[PDB]
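Printed here is final.tsv (TSV, C-alpha atoms and all ligand atoms):
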```
chain	number	residue	atom	x	y	z
A	1	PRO	CA	110.39	104.71	111.62
A	2	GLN	CA	112.38	103.81	108.51
A	3	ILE	CA	109.95	103.24	105.64
A	4	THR	CA	111.06	101.34	102.51
A	5	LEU	CA	109.31	102.11	99.22
A	6	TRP	CA	108.13	98.69	97.98
A	7	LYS	CA	104.63	99.98	98.59
A	8	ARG	CA	103.14	103.49	98.74
A	9	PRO	CA	104.31	105.26	101.92
A	10	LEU	CA	100.81	105.62	103.38
A	11	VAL	CA	100.35	106.78	106.97
A	12	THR	CA	97.36	107.57	109.17
A	13	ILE	CA	96.65	111.28	109.47
A	14	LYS	CA	94.23	113.04	111.79
A	15	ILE	CA	92.73	116.35	110.83
A	16	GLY	CA	89.63	117.81	112.54
A	17	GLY	CA	88.79	114.66	114.51
A	18	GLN	CA	88.77	112.54	111.34
A	19	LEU	CA	91.25	109.71	110.85
A	20	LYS	CA	92.33	109.42	107.24
A	21	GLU	CA	95.24	108.09	105.20
A	22	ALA	CA	97.94	109.96	103.30
A	23	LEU	CA	100.99	109.51	101.07
A	24	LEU	CA	104.33	110.79	102.36
A	25	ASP	CA	105.29	112.55	99.15
A	26	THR	CA	108.83	113.93	98.71
A	27	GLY	CA	107.94	115.15	95.19
A	28	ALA	CA	105.07	117.38	96.34
A	29	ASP	CA	105.81	120.94	97.49
A	30	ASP	CA	102.38	121.28	99.09
A	31	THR	CA	99.97	119.11	101.08
A	32	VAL	CA	96.85	118.22	99.08
A	33	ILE	CA	93.81	116.52	100.62
A	34	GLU	CA	90.20	115.59	99.88
A	35	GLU	CA	87.37	117.77	101.25
A	36	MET	CA	86.97	117.59	105.05
A	37	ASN	CA	84.96	120.82	105.51
A	38	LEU	CA	87.96	122.60	107.02
A	39	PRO	CA	87.32	125.50	109.41
A	40	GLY	CA	88.38	129.00	108.41
A	41	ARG	CA	88.79	131.32	105.45
A	42	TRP	CA	90.65	130.03	102.37
A	43	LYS	CA	92.21	131.29	99.17
A	44	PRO	CA	91.70	129.69	95.74
A	45	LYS	CA	94.89	128.37	94.09
A	46	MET	CA	96.04	126.33	91.08
A	47	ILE	CA	98.29	123.30	91.45
A	48	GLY	CA	99.67	120.91	88.86
A	49	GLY	CA	101.04	117.39	88.77
A	50	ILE	CA	101.78	115.30	85.70
A	51	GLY	CA	98.48	115.50	83.78
A	52	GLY	CA	97.61	119.19	84.14
A	53	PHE	CA	96.09	121.46	86.76
A	54	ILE	CA	93.51	121.37	89.58
A	55	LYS	CA	91.61	124.16	91.38
A	56	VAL	CA	92.29	123.95	95.12
A	57	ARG	CA	91.37	125.78	98.33
A	58	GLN	CA	94.26	126.99	100.47
A	59	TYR	CA	93.84	126.76	104.26
A	60	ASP	CA	96.66	128.04	106.45
A	61	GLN	CA	97.24	127.23	110.16
A	62	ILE	CA	95.79	123.72	109.87
A	63	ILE	CA	96.59	121.32	112.72
A	64	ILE	CA	97.23	117.76	111.60
A	65	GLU	CA	98.74	114.60	113.09
A	66	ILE	CA	101.01	112.63	110.75
A	67	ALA	CA	101.90	109.12	112.00
A	68	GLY	CA	101.53	110.44	115.58
A	69	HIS	CA	103.63	113.59	115.01
A	70	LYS	CA	101.87	116.93	115.55
A	71	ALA	CA	102.22	119.46	112.72
A	72	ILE	CA	100.69	122.78	111.68
A	73	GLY	CA	100.62	124.43	108.24
A	74	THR	CA	99.01	125.07	104.87
A	75	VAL	CA	96.72	122.34	103.60
A	76	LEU	CA	95.32	122.61	100.05
A	77	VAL	CA	91.89	121.01	99.52
A	78	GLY	CA	90.89	119.80	96.05
A	79	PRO	CA	90.21	116.90	93.63
A	80	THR	CA	93.22	114.74	94.51
A	81	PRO	CA	93.04	110.96	93.86
A	82	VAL	CA	95.06	110.33	97.07
A	83	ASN	CA	95.81	112.46	100.14
A	84	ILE	CA	99.32	113.87	99.92
A	85	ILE	CA	101.66	115.14	102.66
A	86	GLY	CA	104.02	117.51	100.91
A	87	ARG	CA	107.45	118.73	101.90
A	88	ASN	CA	105.89	121.66	103.75
A	89	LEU	CA	104.54	119.32	106.45
A	90	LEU	CA	107.21	116.60	106.00
A	91	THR	CA	109.91	119.06	107.20
A	92	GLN	CA	107.86	119.70	110.37
A	93	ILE	CA	108.00	116.03	111.32
A	94	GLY	CA	111.75	115.85	110.54
A	95	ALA	CA	111.18	113.39	107.66
A	96	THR	CA	114.28	112.70	105.57
A	97	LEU	CA	115.11	110.66	102.51
A	98	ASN	CA	118.10	108.38	103.16
A	99	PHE	CA	120.20	106.04	100.99
B	1	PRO	CA	123.28	110.65	101.75
B	2	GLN	CA	120.64	112.03	104.09
B	3	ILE	CA	118.37	114.49	102.33
B	4	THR	CA	116.23	116.97	104.26
B	5	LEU	CA	113.18	118.32	102.43
B	6	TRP	CA	113.46	122.11	102.84
B	7	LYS	CA	113.92	122.14	99.05
B	8	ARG	CA	112.95	119.77	96.20
B	9	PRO	CA	115.10	116.58	96.53
B	10	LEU	CA	116.86	116.96	93.15
B	11	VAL	CA	119.77	114.70	92.24
B	12	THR	CA	122.08	114.07	89.30
B	13	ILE	CA	121.12	111.05	87.23
B	14	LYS	CA	122.83	109.46	84.23
B	15	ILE	CA	120.55	107.93	81.61
B	16	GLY	CA	121.16	107.18	77.93
B	17	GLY	CA	124.71	108.30	78.63
B	18	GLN	CA	123.35	111.78	79.43
B	19	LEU	CA	123.64	113.59	82.77
B	20	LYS	CA	120.30	115.01	83.87
B	21	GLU	CA	118.70	116.38	87.04
B	22	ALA	CA	115.69	114.59	88.59
B	23	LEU	CA	113.29	114.69	91.52
B	24	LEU	CA	113.34	111.90	94.13
B	25	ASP	CA	109.56	111.32	94.35
B	26	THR	CA	108.15	108.92	96.98
B	27	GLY	CA	104.60	109.72	95.83
B	28	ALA	CA	105.32	108.32	92.35
B	29	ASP	CA	104.99	104.63	91.55
B	30	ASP	CA	106.95	105.21	88.34
B	31	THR	CA	109.98	107.00	86.91
B	32	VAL	CA	109.09	109.62	84.26
B	33	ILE	CA	111.78	111.28	82.14
B	34	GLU	CA	111.43	114.04	79.53
B	35	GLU	CA	111.69	113.31	75.80
B	36	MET	CA	114.93	111.54	75.01
B	37	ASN	CA	115.88	108.53	72.94
B	38	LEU	CA	116.65	105.23	74.68
B	39	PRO	CA	117.75	101.78	73.34
B	40	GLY	CA	115.34	98.83	73.10
B	41	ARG	CA	111.62	98.62	72.34
B	42	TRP	CA	109.04	100.72	74.16
B	43	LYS	CA	105.33	100.14	74.69
B	44	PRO	CA	102.63	102.86	74.79
B	45	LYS	CA	101.41	103.60	78.32
B	46	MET	CA	99.22	106.15	80.07
B	47	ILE	CA	100.10	107.27	83.58
B	48	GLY	CA	97.91	109.32	85.89
B	49	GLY	CA	98.48	111.77	88.72
B	50	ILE	CA	96.84	115.00	89.82
B	51	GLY	CA	95.23	116.83	86.89
B	52	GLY	CA	94.89	113.74	84.69
B	53	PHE	CA	96.64	111.27	82.40
B	54	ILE	CA	99.65	111.68	80.08
B	55	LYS	CA	101.03	109.41	77.34
B	56	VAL	CA	104.43	107.78	77.92
B	57	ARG	CA	106.69	105.36	76.05
B	58	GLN	CA	107.66	102.54	78.38
B	59	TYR	CA	111.22	101.22	78.26
B	60	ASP	CA	112.06	98.20	80.37
B	61	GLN	CA	115.36	97.31	82.04
B	62	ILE	CA	117.05	100.67	81.54
B	63	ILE	CA	120.33	101.19	83.39
B	64	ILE	CA	120.27	104.41	85.37
B	65	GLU	CA	122.73	106.04	87.76
B	66	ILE	CA	120.89	107.98	90.46
B	67	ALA	CA	123.23	110.19	92.53
B	68	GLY	CA	126.06	107.72	91.84
B	69	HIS	CA	123.97	104.59	92.48
B	70	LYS	CA	123.30	102.19	89.63
B	71	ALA	CA	119.72	101.02	89.18
B	72	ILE	CA	117.97	98.93	86.49
B	73	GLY	CA	114.26	99.20	85.82
B	74	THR	CA	111.36	100.59	83.83
B	75	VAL	CA	111.65	104.14	82.57
B	76	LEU	CA	108.73	106.11	81.12
B	77	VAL	CA	109.66	108.78	78.56
B	78	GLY	CA	107.08	111.53	78.09
B	79	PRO	CA	106.13	115.21	78.40
B	80	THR	CA	106.85	115.51	82.12
B	81	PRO	CA	107.32	119.00	83.65
B	82	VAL	CA	110.15	117.57	85.80
B	83	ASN	CA	112.23	114.38	85.65
B	84	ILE	CA	110.92	112.04	88.35
B	85	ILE	CA	112.53	109.09	90.06
B	86	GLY	CA	109.64	106.96	91.33
B	87	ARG	CA	109.54	104.20	93.94
B	88	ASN	CA	110.27	101.61	91.24
B	89	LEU	CA	113.86	102.89	91.10
B	90	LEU	CA	114.05	104.35	94.64
B	91	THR	CA	113.70	100.76	95.91
B	92	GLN	CA	116.61	99.80	93.64
B	93	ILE	CA	118.92	102.20	95.53
B	94	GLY	CA	117.65	101.28	99.00
B	95	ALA	CA	116.07	104.69	99.64
B	96	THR	CA	113.96	105.09	102.76
B	97	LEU	CA	111.92	107.78	104.45
B	98	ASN	CA	112.93	108.36	108.05
B	99	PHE	CA	111.41	110.29	110.92
A	101	LIG	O1	103.78	108.47	69.10
A	101	LIG	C1	104.59	108.34	70.05
A	101	LIG	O2	105.74	108.82	70.01
A	101	LIG	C2	104.19	107.59	71.29
A	101	LIG	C3	102.66	107.54	71.39
A	101	LIG	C4	102.20	107.03	72.73
A	101	LIG	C5	102.96	106.83	73.88
A	101	LIG	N1	102.15	106.36	74.86
A	101	LIG	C6	100.89	106.24	74.38
A	101	LIG	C7	99.69	105.81	74.96
A	101	LIG	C8	98.52	105.81	74.19
A	101	LIG	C9	98.56	106.23	72.86
A	101	LIG	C10	99.75	106.67	72.28
A	101	LIG	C11	100.91	106.66	73.05
```

As structure tokens, please, write out the structure in this file.
Amino acid sequence: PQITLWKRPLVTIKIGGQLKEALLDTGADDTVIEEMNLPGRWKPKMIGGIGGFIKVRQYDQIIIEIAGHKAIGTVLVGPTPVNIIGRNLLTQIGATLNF
Amino acid sequence: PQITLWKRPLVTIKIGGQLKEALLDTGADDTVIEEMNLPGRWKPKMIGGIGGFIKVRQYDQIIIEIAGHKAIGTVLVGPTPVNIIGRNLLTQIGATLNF
């Protein structure tokens, strides 16, 4: 698809047999989601947006479907107001910013 | 242009007559630029993201050249870690996400 930006670029994501919603975010390096009791070991990490820093849990090798497209990568889990698909997964689905 | 997301989508912008560098951010409703002086009256505003809220001065109807494309719209001046072009101006230059 070609998604204009008049509203938030929200898509359906599936991760661990749970359908959720996420923002296609060109300004996020990493993918940040709410808790979904992800399987596997994790590492603690700090991330920051405008407003300061949050404590997150880093899970690698996570399988996720983004608007139908299958992707695999690092998903950080922490207190994020909205679920965020960062460039790290956006590149996997071939997402580009065009104008 | 078509911009892949293997690195931060940074572009040259011109604002207040100054050339600056800024991030094309589809996850941002608003445009947030580091401390600079701009013409017209501003109003005090608080914007939120990950980590919490910051205080910005809101200027309306600011002319801005994003990667050679003129746009007019609201610009928030504040203590941002990086200059951010939000959807409010991305829509002004016809930017779309594509995959
Ligand atoms: O003092 C300033 O220079 C601006 C203060 C300011 C900007 N946005 C704000 C929001 C709430 C309270 C104060 C502010």

- Task: Go through B:72, B:33, B:50, B:82 one by one, measure the shortest atom-to-atom distance of each to chain A using only C-alpha atoms, and give the residue with the smallest value.
- Result: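 Comparing B:72, B:33, B:50, B:82 against chain A, the winner is B:50.
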
- Distance filter 8 Å around ligand LIG 101 (chain A), atoms: only C-alpha atoms and all ligand atoms, out as a ChimeraX atom specification: /B:43-46,54-58,78

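Distances from A:9, A:48, A:73, A:68 to residue 25 in chain A were compared using all atoms listed in the file, and the smallest one belongs to A:9.
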
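Among the candidates B:26, B:83, B:74, B:18, the one nearest to chain A when counting all atoms listed in the file is B:26.
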
- Compare B:29, B:60, B:65, B:21 by their minimum atom-to-atom distance to residue 87 in chain B, counting only C-alpha atoms, and give me the closest one. B:29

- Message: Using Å and a single decimal, report how far CA of residue 10 in chain B sits from CA of residue 99 in chain B.
- Response: 19.7 Å

- Message: For a test of reading the model, state the distance in Å between CA of residue 7 in chain A and CA of residue 32 in chain A, rounded to one decimal.
- Response: 19.8 Å

- Message: Please identify all residues of chain B having at least one atom at most 9 Å from any atom of chain A, considering all atoms listed in the file, and return them as a VMD selection string.
- Response: chain B and resid 1 to 9 23 to 29 47 to 54 79 to 82 84 87 to 88 90 to 91 93 to 99

Selection above as a file: C-alpha atoms, as a compact mmCIF listing (two decimals), keeping the file's coordinate frame:
```
# COMPACT_ATOMS: atom_id res chain seq x y z
CA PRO B 1 123.28 110.65 101.75
CA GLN B 2 120.64 112.03 104.09
CA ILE B 3 118.37 114.49 102.33
CA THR B 4 116.23 116.97 104.26
CA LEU B 5 113.18 118.32 102.43
CA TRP B 6 113.46 122.11 102.84
CA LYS B 7 113.92 122.14 99.05
CA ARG B 8 112.95 119.77 96.20
CA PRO B 9 115.10 116.58 96.53
CA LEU B 23 113.29 114.69 91.52
CA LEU B 24 113.34 111.90 94.13
CA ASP B 25 109.56 111.32 94.35
CA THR B 26 108.15 108.92 96.98
CA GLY B 27 104.60 109.72 95.83
CA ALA B 28 105.32 108.32 92.35
CA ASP B 29 104.99 104.63 91.55
CA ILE B 47 100.10 107.27 83.58
CA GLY B 48 97.91 109.32 85.89
CA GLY B 49 98.48 111.77 88.72
CA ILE B 50 96.84 115.00 89.82
CA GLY B 51 95.23 116.83 86.89
CA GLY B 52 94.89 113.74 84.69
CA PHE B 53 96.64 111.27 82.40
CA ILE B 54 99.65 111.68 80.08
CA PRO B 79 106.13 115.21 78.40
CA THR B 80 106.85 115.51 82.12
CA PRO B 81 107.32 119.00 83.65
CA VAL B 82 110.15 117.57 85.80
CA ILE B 84 110.92 112.04 88.35
CA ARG B 87 109.54 104.20 93.94
CA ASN B 88 110.27 101.61 91.24
CA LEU B 90 114.05 104.35 94.64
CA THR B 91 113.70 100.76 95.91
CA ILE B 93 118.92 102.20 95.53
CA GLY B 94 117.65 101.28 99.00
CA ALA B 95 116.07 104.69 99.64
CA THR B 96 113.96 105.09 102.76
CA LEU B 97 111.92 107.78 104.45
CA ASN B 98 112.93 108.36 108.05
CA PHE B 99 111.41 110.29 110.92
```

- Message: List as a list in words the protein and nucleic acid residues near residue 14 in chain A, meaning an atom at most 8 Å away when all atoms listed in the file are counted, but skip any in the same chain fewer than 2 places from it.
- Response: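 My reading of the contact set: residues 12, 16, 17, 18, 19, 20, 64, 65 and 66 of chain A.
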
Can you move chain B onto chain A by a least-squares fit over all C-alpha atoms paired in order, then give me the moved copy as a compact mmCIF listing (two decimals) with C-alpha atoms, in the coordinates of the input?
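Result went into selection_1.txt, see below:
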```
# COMPACT_ATOMS: atom_id res chain seq x y z
CA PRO B 1 109.93 105.07 111.89
CA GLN B 2 112.02 103.94 108.95
CA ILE B 3 109.90 103.39 105.86
CA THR B 4 111.14 101.31 102.93
CA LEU B 5 109.49 102.01 99.58
CA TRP B 6 108.46 98.54 98.32
CA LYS B 7 104.89 99.85 98.69
CA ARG B 8 103.28 103.33 98.72
CA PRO B 9 104.37 105.10 101.97
CA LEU B 10 100.84 105.48 103.40
CA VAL B 11 100.32 106.68 106.96
CA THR B 12 97.46 107.54 109.30
CA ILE B 13 96.80 111.25 109.60
CA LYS B 14 94.33 113.15 111.78
CA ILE B 15 92.85 116.31 110.27
CA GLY B 16 89.64 118.17 111.09
CA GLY B 17 89.29 115.66 113.91
CA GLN B 18 89.00 112.90 111.28
CA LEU B 19 91.38 109.95 110.85
CA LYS B 20 92.44 109.53 107.23
CA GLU B 21 95.12 107.71 105.25
CA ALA B 22 97.69 109.70 103.23
CA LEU B 23 100.75 109.34 101.02
CA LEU B 24 104.14 110.64 102.21
CA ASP B 25 105.17 112.42 98.98
CA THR B 26 108.69 113.92 98.67
CA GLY B 27 107.93 114.99 95.09
CA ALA B 28 105.12 117.28 96.27
CA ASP B 29 105.76 120.83 97.44
CA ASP B 30 102.28 120.90 98.97
CA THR B 31 99.82 118.85 101.01
CA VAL B 32 96.59 118.01 99.12
CA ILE B 33 93.60 116.46 100.90
CA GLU B 34 90.27 115.29 99.45
CA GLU B 35 87.07 117.29 99.94
CA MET B 36 86.43 117.91 103.61
CA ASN B 37 85.45 120.92 105.66
CA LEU B 38 88.10 122.74 107.71
CA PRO B 39 87.92 125.78 110.08
CA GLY B 40 89.16 129.24 109.05
CA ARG B 41 89.16 131.07 105.72
CA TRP B 42 90.51 129.52 102.53
CA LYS B 43 91.82 131.15 99.37
CA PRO B 44 91.39 129.80 95.81
CA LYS B 45 94.57 128.23 94.43
CA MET B 46 95.63 126.18 91.42
CA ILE B 47 98.31 123.53 91.82
CA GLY B 48 100.06 121.69 89.01
CA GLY B 49 101.69 118.29 88.58
CA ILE B 50 101.82 115.73 85.80
CA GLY B 51 98.74 115.93 83.56
CA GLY B 52 97.88 119.53 84.47
CA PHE B 53 96.37 121.88 87.03
CA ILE B 54 93.59 121.36 89.60
CA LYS B 55 91.65 123.85 91.75
CA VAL B 56 92.20 123.76 95.52
CA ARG B 57 90.97 125.72 98.54
CA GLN B 58 93.96 126.82 100.58
CA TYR B 59 93.73 126.69 104.37
CA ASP B 60 96.61 128.10 106.37
CA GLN B 61 97.92 126.99 109.77
CA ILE B 62 95.97 123.73 109.97
CA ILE B 63 96.94 121.37 112.79
CA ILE B 64 97.61 117.90 111.46
CA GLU B 65 98.82 114.68 113.09
CA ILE B 66 100.91 112.65 110.66
CA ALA B 67 101.63 109.11 111.94
CA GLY B 68 101.41 110.44 115.51
CA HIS B 69 103.47 113.59 114.86
CA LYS B 70 101.82 116.98 115.17
CA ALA B 71 102.42 119.45 112.36
CA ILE B 72 100.99 122.91 111.56
CA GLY B 73 100.89 124.30 108.05
CA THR B 74 99.05 124.97 104.81
CA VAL B 75 96.58 122.37 103.64
CA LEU B 76 95.02 122.34 100.16
CA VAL B 77 91.56 120.76 99.92
CA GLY B 78 90.57 119.56 96.45
CA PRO B 79 89.70 116.68 94.11
CA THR B 80 92.89 114.70 94.69
CA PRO B 81 92.97 110.98 93.74
CA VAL B 82 94.98 110.31 96.93
CA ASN B 83 95.64 112.30 100.11
CA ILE B 84 99.18 113.68 99.87
CA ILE B 85 101.54 114.91 102.55
CA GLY B 86 103.95 117.26 100.76
CA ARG B 87 107.35 118.59 101.80
CA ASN B 88 105.68 121.58 103.48
CA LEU B 89 104.49 119.25 106.26
CA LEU B 90 107.19 116.55 105.88
CA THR B 91 109.70 119.20 107.01
CA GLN B 92 107.47 119.85 110.04
CA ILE B 93 107.96 116.24 111.22
CA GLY B 94 111.69 116.11 110.46
CA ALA B 95 111.32 113.55 107.65
CA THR B 96 114.40 112.75 105.59
CA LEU B 97 115.33 110.56 102.66
CA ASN B 98 118.26 108.28 103.39
CA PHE B 99 120.46 106.07 101.25
```

- Message: If I take CA of residue 76 in chain B and CA of residue 30 in chain A, how far is one from the other in Å, to one decimal?
- Response: 24.4 Å

- Could you check which of A:31, A:37, A:63, A:22 is closest to residue 75 in chain A, using all atoms listed in the file?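 Between A:31, A:37, A:63, A:22, the residue approaching residue 75 in chain A most closely is A:31.
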